[PDB]
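Asker: Got a structure for you, run-v4.txt, holding compact mmCIF, C-alpha atoms.
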# COMPACT_ATOMS: atom_id res chain seq x y z
CA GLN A 6 -131.53 -13.88 -1.58
CA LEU A 7 -132.93 -10.39 -2.13
CA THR A 8 -135.16 -9.64 -5.09
CA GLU A 9 -134.54 -6.55 -7.26
CA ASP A 10 -137.27 -4.59 -5.49
CA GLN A 11 -135.87 -5.57 -2.08
CA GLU A 12 -132.37 -4.56 -3.07
CA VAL A 13 -133.73 -1.08 -3.91
CA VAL A 14 -135.01 -0.72 -0.34
CA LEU A 15 -131.67 -1.88 1.08
CA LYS A 16 -129.87 0.71 -1.08
CA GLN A 17 -132.31 3.42 0.08
CA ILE A 18 -131.60 2.69 3.75
CA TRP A 19 -127.83 2.80 3.26
CA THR A 20 -128.24 6.10 1.38
CA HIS A 21 -130.08 7.68 4.31
CA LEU A 22 -127.42 6.49 6.73
CA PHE A 23 -124.68 7.72 4.39
CA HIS A 24 -126.20 11.21 4.19
CA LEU A 25 -126.39 11.38 7.99
CA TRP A 26 -122.77 10.22 8.24
CA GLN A 27 -121.62 12.48 5.35
CA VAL A 28 -120.38 9.47 3.36
CA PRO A 29 -120.49 10.69 -0.28
CA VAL A 30 -123.22 8.95 -2.28
CA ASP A 31 -125.75 9.66 -5.05
CA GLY A 32 -128.98 7.73 -4.55
CA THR A 33 -130.90 9.54 -7.31
CA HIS A 34 -131.27 6.44 -9.52
CA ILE A 35 -132.78 4.30 -6.71
CA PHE A 36 -135.35 6.78 -5.40
CA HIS A 76 -139.94 10.30 0.73
CA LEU A 77 -138.89 12.92 -1.81
CA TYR A 78 -135.20 12.16 -2.28
CA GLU A 79 -132.98 15.23 -2.16
CA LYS A 80 -129.29 14.38 -2.50
CA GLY A 81 -127.39 15.07 0.75
CA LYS A 82 -130.39 15.98 2.86
CA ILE A 83 -130.59 14.19 6.21
CA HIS A 84 -133.88 12.24 6.74
CA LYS A 85 -136.15 13.74 9.44
CA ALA A 86 -135.84 10.42 11.32
CA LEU A 87 -132.10 11.11 11.57
CA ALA A 88 -131.95 14.92 11.55
CA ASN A 89 -130.91 15.31 15.21
CA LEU A 90 -128.28 12.56 15.51
CA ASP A 91 -124.68 13.68 15.46
CA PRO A 92 -123.02 12.58 12.19
CA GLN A 93 -119.59 11.65 13.54
CA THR A 94 -120.82 10.11 16.82
CA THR A 95 -123.40 7.84 15.23
CA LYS A 96 -121.05 6.81 12.42
CA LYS A 97 -118.51 5.52 14.93
CA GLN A 98 -121.12 4.02 17.28
CA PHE A 99 -122.85 2.09 14.48
CA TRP A 100 -119.62 0.34 13.49
CA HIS A 101 -118.76 -0.58 17.07
CA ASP A 102 -122.17 -2.25 17.50
CA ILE A 103 -121.43 -4.26 14.30
CA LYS A 104 -119.72 -7.38 15.66
CA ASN A 105 -120.45 -10.90 14.35
CA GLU A 106 -123.27 -10.14 11.89
CA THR A 107 -122.83 -8.55 8.48
CA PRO A 108 -123.76 -4.91 7.90
CA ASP A 109 -126.52 -5.87 5.45
CA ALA A 110 -127.94 -8.47 7.86
CA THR A 111 -128.02 -5.87 10.65
CA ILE A 112 -130.07 -3.39 8.58
CA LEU A 113 -132.29 -6.07 7.04
CA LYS A 114 -133.69 -6.93 10.47
CA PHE A 115 -135.15 -3.40 10.69
CA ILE A 116 -136.30 -3.51 7.06
CA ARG A 117 -138.14 -6.79 7.53
CA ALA A 118 -139.63 -5.60 10.83
CA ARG A 119 -141.15 -2.59 9.01
CA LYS A 120 -142.42 -4.74 6.08
CA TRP A 121 -140.05 -3.30 3.46
CA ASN A 122 -141.31 0.27 3.99
CA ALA A 123 -138.20 2.43 3.73
CA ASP A 124 -139.60 5.48 5.54
CA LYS A 125 -140.84 3.45 8.51
CA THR A 126 -137.60 1.40 8.57
CA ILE A 127 -135.42 4.50 8.75
CA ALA A 128 -137.63 5.90 11.51
CA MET A 129 -137.13 2.68 13.50
CA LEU A 130 -133.36 2.72 12.90
CA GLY A 131 -133.16 6.36 13.94
CA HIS A 132 -134.98 5.74 17.21
CA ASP A 133 -132.71 2.78 17.84
CA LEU A 134 -129.52 4.78 17.27
CA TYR A 135 -130.77 7.56 19.55
CA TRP A 136 -131.62 5.08 22.32
CA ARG A 137 -128.55 2.82 21.95
CA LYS A 138 -125.67 5.35 21.61
CA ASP A 139 -122.72 3.63 23.40
CA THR A 140 -124.75 2.26 26.36
CA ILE A 141 -125.20 -1.24 25.01
CA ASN A 142 -121.65 -1.67 23.72
CA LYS A 143 -120.38 -0.73 27.17
CA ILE A 144 -122.67 -3.30 28.80
CA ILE A 145 -121.52 -6.25 26.70
CA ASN A 146 -117.84 -5.30 26.66
CA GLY A 147 -117.88 -4.81 30.43
CA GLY A 148 -119.62 -8.13 31.02
CA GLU A 149 -120.49 -9.52 34.42
CA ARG A 150 -117.14 -8.33 35.80
CA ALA A 151 -118.06 -4.67 35.36
CA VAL A 152 -121.42 -5.25 37.09
CA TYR A 153 -119.73 -6.91 40.07
CA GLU A 154 -116.92 -4.35 40.33
CA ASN A 155 -119.49 -1.53 40.36
CA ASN A 156 -121.59 -3.13 43.15
CA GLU A 157 -124.75 -3.14 41.01
CA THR A 158 -126.60 -5.12 43.67
CA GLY A 159 -129.80 -5.64 41.68
CA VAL A 160 -128.04 -6.80 38.51
CA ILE A 161 -125.74 -9.06 40.57
CA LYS A 162 -128.79 -10.60 42.27
CA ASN A 163 -130.32 -11.49 38.90
CA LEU A 164 -127.04 -13.02 37.65
CA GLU A 165 -126.64 -15.02 40.88
CA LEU A 166 -130.24 -16.26 40.70
CA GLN A 167 -129.63 -17.47 37.12
CA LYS A 168 -133.08 -16.03 36.41
CA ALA A 169 -132.26 -15.88 32.67
CA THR A 170 -129.30 -17.83 31.30
CA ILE A 171 -128.12 -19.12 27.92
CA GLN A 172 -128.34 -22.90 28.08
CA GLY A 173 -127.45 -24.12 24.58
CA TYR A 174 -128.82 -24.15 21.05
CA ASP A 175 -132.20 -25.05 19.54
CA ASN A 176 -132.78 -27.40 16.60
CA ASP A 177 -131.85 -24.64 14.10
CA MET A 178 -128.71 -23.44 15.98
CA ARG A 179 -130.40 -20.45 17.64
CA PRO A 180 -129.18 -19.72 21.19
CA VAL A 181 -131.69 -20.70 23.88
CA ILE A 182 -132.36 -18.39 26.84
CA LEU A 183 -133.93 -20.23 29.79
CA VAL A 184 -136.07 -17.88 31.92
CA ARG A 185 -137.41 -19.06 35.31
CA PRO A 186 -140.00 -16.52 36.58
CA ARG A 187 -140.53 -18.45 39.84
CA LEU A 188 -137.25 -16.79 40.89
CA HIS A 189 -138.57 -13.27 40.18
CA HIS A 190 -139.45 -10.85 42.97
CA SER A 191 -140.09 -7.14 42.38
CA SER A 192 -138.11 -6.38 45.55
CA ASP A 193 -134.82 -7.87 44.31
CA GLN A 194 -133.98 -5.09 41.84
CA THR A 195 -135.14 -1.78 40.49
CA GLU A 196 -136.74 -1.63 37.07
CA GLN A 197 -133.65 0.08 35.61
CA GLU A 198 -131.52 -2.79 37.00
CA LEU A 199 -133.79 -5.45 35.54
CA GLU A 200 -133.57 -3.60 32.22
CA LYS A 201 -129.77 -3.55 32.25
CA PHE A 202 -129.71 -7.25 33.17
CA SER A 203 -132.05 -8.15 30.29
CA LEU A 204 -129.89 -6.19 27.85
CA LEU A 205 -126.72 -7.95 28.99
CA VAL A 206 -128.41 -11.32 28.47
CA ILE A 207 -129.72 -10.54 24.94
CA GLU A 208 -126.30 -9.14 23.96
CA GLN A 209 -124.58 -12.29 25.23
CA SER A 210 -127.03 -14.38 23.18
CA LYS A 211 -126.14 -12.49 19.99
CA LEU A 212 -122.54 -13.60 20.41
CA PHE A 213 -123.76 -17.22 20.02
CA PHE A 214 -125.26 -16.62 16.55
CA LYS A 215 -123.88 -19.13 14.03
CA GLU A 216 -122.99 -18.11 10.48
CA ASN A 217 -125.49 -19.50 7.93
CA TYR A 218 -128.11 -20.21 10.63
CA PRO A 219 -130.94 -18.00 11.92
CA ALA A 220 -129.66 -14.93 13.77
CA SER A 221 -132.38 -15.13 16.37
CA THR A 222 -132.95 -16.47 19.86
CA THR A 223 -135.33 -19.10 21.23
CA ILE A 224 -136.73 -18.33 24.68
CA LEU A 225 -137.83 -21.06 27.11
CA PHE A 226 -140.02 -19.53 29.83
CA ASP A 227 -140.27 -22.30 32.43
CA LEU A 228 -143.42 -21.52 34.43
CA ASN A 229 -143.19 -24.46 36.81
CA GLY A 230 -143.59 -23.09 40.30
CA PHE A 231 -144.92 -19.68 39.23
CA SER A 232 -146.82 -17.85 42.02
CA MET A 233 -148.50 -14.52 42.70
CA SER A 234 -145.21 -13.56 44.40
CA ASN A 235 -143.78 -13.45 40.86
CA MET A 236 -146.62 -11.48 39.21
CA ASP A 237 -144.72 -8.31 38.18
CA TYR A 238 -146.28 -6.72 35.04
CA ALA A 239 -143.76 -3.79 34.83
CA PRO A 240 -140.90 -5.96 33.36
CA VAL A 241 -143.36 -7.68 30.93
CA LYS A 242 -144.47 -4.27 29.53
CA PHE A 243 -140.77 -3.20 29.29
CA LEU A 244 -139.70 -6.38 27.51
CA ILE A 245 -142.54 -6.08 25.01
CA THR A 246 -142.10 -2.33 24.41
CA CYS A 247 -138.30 -2.12 24.39
CA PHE A 248 -137.37 -5.42 22.73
CA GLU A 249 -139.93 -4.96 19.95
CA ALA A 250 -138.33 -1.55 19.24
CA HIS A 251 -134.64 -2.34 19.68
CA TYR A 252 -134.20 -6.05 18.82
CA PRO A 253 -136.40 -6.47 15.73
CA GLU A 254 -136.30 -9.82 13.94
CA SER A 255 -134.43 -11.35 16.90
CA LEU A 256 -137.06 -13.86 18.10
CA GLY A 257 -137.21 -17.41 16.81
CA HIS A 258 -139.48 -19.34 19.16
CA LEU A 259 -140.98 -18.31 22.49
CA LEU A 260 -141.84 -21.42 24.50
CA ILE A 261 -144.08 -21.13 27.57
CA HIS A 262 -143.51 -24.37 29.48
CA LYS A 263 -145.79 -26.00 32.08
CA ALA A 264 -147.95 -22.94 32.62
CA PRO A 265 -150.06 -23.43 35.77
CA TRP A 266 -153.79 -22.72 35.81
CA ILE A 267 -153.17 -19.47 37.69
CA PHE A 268 -151.28 -18.28 34.60
CA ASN A 269 -154.39 -18.40 32.40
CA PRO A 270 -155.89 -15.03 33.53
CA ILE A 271 -152.41 -13.47 33.41
CA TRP A 272 -151.81 -14.63 29.83
CA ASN A 273 -155.25 -13.28 28.86
CA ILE A 274 -153.93 -9.85 29.85
CA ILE A 275 -150.38 -10.06 28.47
CA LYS A 276 -151.31 -11.54 25.09
CA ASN A 277 -153.16 -8.40 24.00
CA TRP A 278 -150.02 -6.29 24.41
CA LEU A 279 -148.05 -8.29 21.84
CA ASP A 280 -147.19 -7.50 18.27
CA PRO A 281 -149.06 -10.09 16.15
CA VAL A 282 -145.81 -11.43 14.66
CA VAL A 283 -144.35 -11.96 18.15
CA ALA A 284 -147.60 -13.59 19.27
CA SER A 285 -147.45 -16.04 16.37
CA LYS A 286 -144.06 -17.31 17.61
CA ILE A 287 -145.40 -18.34 21.04
CA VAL A 288 -145.94 -22.04 21.75
CA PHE A 289 -147.21 -23.56 24.99
CA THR A 290 -145.39 -26.79 25.84
CA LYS A 291 -146.35 -29.29 28.56
CA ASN A 292 -143.73 -32.06 28.59
CA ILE A 293 -140.27 -33.18 27.52
CA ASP A 294 -141.54 -34.61 24.23
CA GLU A 295 -143.00 -31.25 23.23
CA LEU A 296 -139.70 -29.52 24.07
CA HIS A 297 -137.89 -31.99 21.79
CA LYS A 298 -139.70 -30.49 18.81
CA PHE A 299 -137.60 -27.35 19.43
CA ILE A 300 -134.44 -28.31 21.39
CA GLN A 301 -132.26 -31.41 21.47
CA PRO A 302 -131.94 -33.34 24.76
CA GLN A 303 -128.26 -32.40 25.22
CA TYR A 304 -129.28 -28.77 25.75
CA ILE A 305 -132.54 -29.18 27.70
CA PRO A 306 -131.89 -28.91 31.47
CA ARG A 307 -132.01 -32.23 33.31
CA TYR A 308 -134.72 -30.96 35.67
CA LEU A 309 -137.04 -30.58 32.64
CA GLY A 310 -136.19 -34.07 31.36
CA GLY A 311 -133.07 -33.29 29.32
CA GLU A 312 -129.40 -34.11 29.65
CA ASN A 313 -127.95 -30.62 30.34
CA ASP A 314 -126.50 -30.86 33.87
CA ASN A 315 -125.47 -27.21 34.27
CA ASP A 316 -125.88 -26.15 37.90
CA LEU A 317 -128.91 -23.84 37.89
CA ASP A 318 -128.80 -23.43 41.69
CA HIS A 319 -125.25 -22.09 42.16
CA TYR A 320 -123.77 -19.39 39.93
CA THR A 321 -120.05 -19.12 39.13
CA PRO A 322 -119.27 -15.50 38.16
CA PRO A 323 -116.34 -14.87 35.79
CA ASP A 324 -113.03 -14.94 37.64
CA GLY A 325 -111.20 -12.79 35.07
CA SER A 326 -108.56 -15.42 34.16
CA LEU A 327 -109.44 -15.28 30.43
CA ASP A 328 -109.16 -11.45 30.26
CA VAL A 329 -105.37 -11.53 29.71
CA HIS A 330 -105.57 -9.73 26.36
CA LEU A 331 -107.56 -6.69 27.52
CA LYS A 332 -104.24 -5.01 28.49
CA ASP A 333 -102.57 -5.61 25.10
CA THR A 334 -102.98 -2.07 23.75
CA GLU A 335 -100.52 -2.59 20.91
CA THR A 336 -102.31 -5.60 19.46
CA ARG A 337 -105.76 -4.08 19.97
CA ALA A 338 -104.65 -0.91 18.19
CA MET A 339 -103.43 -2.91 15.21
CA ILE A 340 -106.73 -4.80 14.91
CA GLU A 341 -108.75 -1.60 15.31
CA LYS A 342 -106.76 0.07 12.54
CA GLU A 343 -107.41 -2.91 10.25
CA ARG A 344 -111.09 -2.49 11.15
CA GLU A 345 -111.07 1.23 10.26
CA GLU A 346 -109.64 0.37 6.85
CA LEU A 347 -112.26 -2.34 6.21
CA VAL A 348 -115.11 -0.02 7.25
CA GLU A 349 -113.76 2.70 4.95
CA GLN A 350 -113.70 0.33 1.96
CA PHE A 351 -117.14 -1.09 2.79
CA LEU A 352 -118.54 2.46 2.77
CA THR A 353 -117.05 3.49 -0.59
CA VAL A 354 -117.85 0.18 -2.31
CA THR A 355 -121.41 0.36 -0.99
CA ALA A 356 -121.69 3.90 -2.35
CA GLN A 357 -120.44 2.68 -5.75
CA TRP A 358 -123.00 -0.14 -5.61
CA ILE A 359 -125.85 2.26 -4.73
CA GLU A 360 -125.10 4.38 -7.81
CA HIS A 361 -124.08 1.73 -10.36
CA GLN A 362 -126.18 1.31 -13.52
CA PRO A 363 -127.22 -0.88 -15.09
CA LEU A 364 -127.63 -3.93 -12.85
CA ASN A 365 -126.33 -7.35 -13.78
CA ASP A 366 -123.29 -6.33 -15.86
CA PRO A 367 -119.83 -7.68 -14.92
CA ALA A 368 -118.90 -4.58 -12.90
CA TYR A 369 -122.11 -4.82 -10.85
CA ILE A 370 -121.46 -8.52 -10.12
CA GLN A 371 -117.98 -7.64 -8.97
CA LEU A 372 -119.29 -4.86 -6.70
CA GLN A 373 -121.83 -7.21 -5.15
CA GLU A 374 -119.10 -9.83 -4.58
CA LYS A 375 -116.72 -7.23 -3.10
CA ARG A 376 -119.40 -6.24 -0.57
CA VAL A 377 -119.69 -9.90 0.44
CA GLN A 378 -115.90 -10.23 0.75
CA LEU A 379 -115.64 -7.06 2.85
CA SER A 380 -118.50 -8.26 5.07
CA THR A 381 -116.71 -11.59 5.60
CA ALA A 382 -113.53 -9.67 6.47
CA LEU A 383 -115.35 -7.44 8.95
CA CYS A 384 -116.74 -10.55 10.66
CA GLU A 385 -113.30 -12.13 10.78
CA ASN A 386 -111.86 -8.86 12.09
CA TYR A 387 -114.42 -8.83 14.91
CA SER A 388 -113.38 -12.34 15.92
CA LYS A 389 -109.79 -11.08 16.07
CA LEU A 390 -110.80 -8.03 18.12
CA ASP A 391 -113.17 -9.70 20.62
CA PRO A 392 -110.54 -10.94 23.17
CA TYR A 393 -108.98 -7.44 23.25
CA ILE A 394 -112.21 -5.52 23.99
CA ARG A 395 -114.81 -7.79 25.66
CA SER A 396 -114.39 -9.21 29.11
CA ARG A 397 -115.20 -12.94 29.11
CA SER A 398 -118.68 -14.06 30.19
CA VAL A 399 -119.56 -17.21 32.10
CA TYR A 400 -120.20 -18.81 28.70
CA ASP A 401 -116.61 -18.19 27.63
CA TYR A 402 -115.35 -19.98 30.77
CA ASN A 403 -117.74 -22.95 30.51
CA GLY A 404 -116.87 -23.73 26.89
CA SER A 405 -120.27 -22.94 25.40
CA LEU A 406 -119.30 -19.68 23.65
CA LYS A 407 -116.58 -19.43 20.98
CA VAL A 408 -116.46 -16.09 19.09
Represent the structure contained in this file as structure tokens.

Answerer:
Amino acid sequence: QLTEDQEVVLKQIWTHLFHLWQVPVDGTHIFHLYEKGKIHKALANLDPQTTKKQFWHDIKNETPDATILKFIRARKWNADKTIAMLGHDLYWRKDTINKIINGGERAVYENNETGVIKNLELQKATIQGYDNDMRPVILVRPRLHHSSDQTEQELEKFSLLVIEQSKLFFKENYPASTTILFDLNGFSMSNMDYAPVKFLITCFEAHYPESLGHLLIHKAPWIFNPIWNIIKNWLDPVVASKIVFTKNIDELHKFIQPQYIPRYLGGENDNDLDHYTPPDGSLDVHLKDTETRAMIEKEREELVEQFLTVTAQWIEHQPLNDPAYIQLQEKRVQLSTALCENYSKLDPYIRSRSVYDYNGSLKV
């Protein structure tokens, strides 16, 4: 639950986005020297109409407020630094990421993206279940990593597909973050590629704020000690404080239940980590249903329109805590619930099914 002071910051961020998008709003009462209608320097070179549409297509299974609050909390409730971070994210993201997740593995395979395919087939990073708090778990096995198997751009695209798949596993009323299990058993100098580590730190700290729950480094060999003594100094202190070194199955149980821990680590998850089954396309039957997709997209446009105008009313309303303000706050919750429900309706019509849709682990 947001305090009064925190709700002011939330309203300020929406106001900046609204001025960029040319959504009518007056933020005078809740303010950077605020000048009504002027676009924040962090946003001054984004296209109003393009970014307005792109933002709402990236919105899938998380509420609009929750999406923004991850940037706000990352920047410690500083509105000017939050809006800078959001602006850089919108410039970087555009429609690239939405295309990756909607295209899924099938698009990668159809386009002969050899390096991305190799990483999928190696199961170098896979979603293996849920942690004790219902966060998705990504199992990463660096012993499978060789610089020669992919370009850096291909490794980047692969990593982004994986994190976007993990977001689809987020459970309502549970932490919207991911637990990472880096299994270091078998790590060798053959695997010592610092380029991807610098990219993951740099790019994921900037573009997936407040997305990390626990980062487990499991059975690190002695040869990893001098490598960790380099890498650790590159980390944001908050990210560093989420890292735990585990040595055995009992230590993993503090974070993940046995049904989800792979059998080879001492768990009961018998997923085949040695042979990959790419999506065969049999669940993509609805992608061709233009008529139904168009209906759901029009319902979405109407919900977004109402969310925008109600949020603008809520930004301006004075005083707080009267019956009309309560009703506005509740209407924003109801519209957010409806947008989430609408995304669940839309998903089969726009996103090609991942391996996790076929194996029963993912239900959106």

Asker: Using all atoms listed in the file, give me every residue within 12 Å of (-146.2, -10.1, 19.6) in file coordinates, as a count of residues only.

Answerer: 28

Asker: Here is a test: counting only C-alpha atoms, which residue of A:340, A:364, A:261, A:188 is nearest to residue 34 (chain A)?

Answerer: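 Among A:340, A:364, A:261, A:188, it is A:364 that comes nearest to residue 34 (chain A).
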
Asker: Report the distance between CA of residue 347 (chain A) and CA of residue 106 (chain A) in Å, rounded to one decimal place.

Answerer: 14.6 Å

Asker: Residues around (-135.7, 3.6, 12.8), cut-off 10 Å, counting only C-alpha atoms - what are they as a PyMOL selection string?

Answerer: chain A and resi 18+86-87+112+115-116+119+123-135+250-251

Asker: Let me make sure I understand: among A:263, A:101, A:193, A:354, which one has the smallest atom-to-atom distance to residue 386 (chain A) if we use all atoms listed in the file?

Answerer: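 Of A:263, A:101, A:193, A:354, the one nearest residue 386 (chain A) is A:101, counting all atoms listed in the file.
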
Asker: Of the residues A:98, A:170, A:235, A:273, which is the one nearest to residue 187 (chain A), using all atoms listed in the file?

Answerer: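 Selected residue with least distance to residue 187 (chain A): A:235.
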
Asker: Rounded to one decimal in Å, what is the spacing between CA of residue 176 (chain A) and CA of residue 7 (chain A)?

Answerer: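 Answer for the CA of residue 176 (chain A) to CA of residue 7 (chain A) separation: 25.3 Å.
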
Asker: What does the distance between CA of residue 362 (chain A) and CA of residue 17 (chain A) come to in Å, to one decimal place?

Answerer: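 Separation between CA of residue 362 (chain A) and CA of residue 17 (chain A): 15.1 Å.
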
Asker: Nearest residue to residue 96 (chain A) out of A:78, A:174, A:402, A:26, using only C-alpha atoms?

Answerer: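 Checking each candidate against residue 96 (chain A), we get A:26 as the closest.
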
Asker: What are the closest atom pairs, with distances in Å to one decimal, for all residues of region 94-203 of chain A lying within 9 Å of region 288-309 of chain A? Consider all atoms listed in the file, order rows by chain and residue number, and present the result as JSON lines.

Answerer:
{"residue": "A:172", "atom": "CA", "partner": "A:304", "partner_atom": "CA", "distance": 6.4}
{"residue": "A:173", "atom": "CA", "partner": "A:304", "partner_atom": "CA", "distance": 5.1}
{"residue": "A:174", "atom": "CA", "partner": "A:304", "partner_atom": "CA", "distance": 6.6}
{"residue": "A:175", "atom": "CA", "partner": "A:300", "partner_atom": "CA", "distance": 4.4}
{"residue": "A:176", "atom": "CA", "partner": "A:300", "partner_atom": "CA", "distance": 5.2}
{"residue": "A:177", "atom": "CA", "partner": "A:299", "partner_atom": "CA", "distance": 8.3}
{"residue": "A:181", "atom": "CA", "partner": "A:300", "partner_atom": "CA", "distance": 8.5}

Asker: For a quick check of understanding, using all atoms listed in the file, which of A:178, A:339, A:382, A:359 has the smallest distance to residue 33 (chain A)?

Answerer: A:359

Asker: Do you know which residues are at most 12 Å from residue 110 (chain A) counting only C-alpha atoms, after dropping those on the same chain fewer than 6 positions away, and could you put them as a PyMOL selection string?

Answerer: chain A and resi 6-7+15+103-104+116-117+216-217+219-221+253-255+377+380-381+384
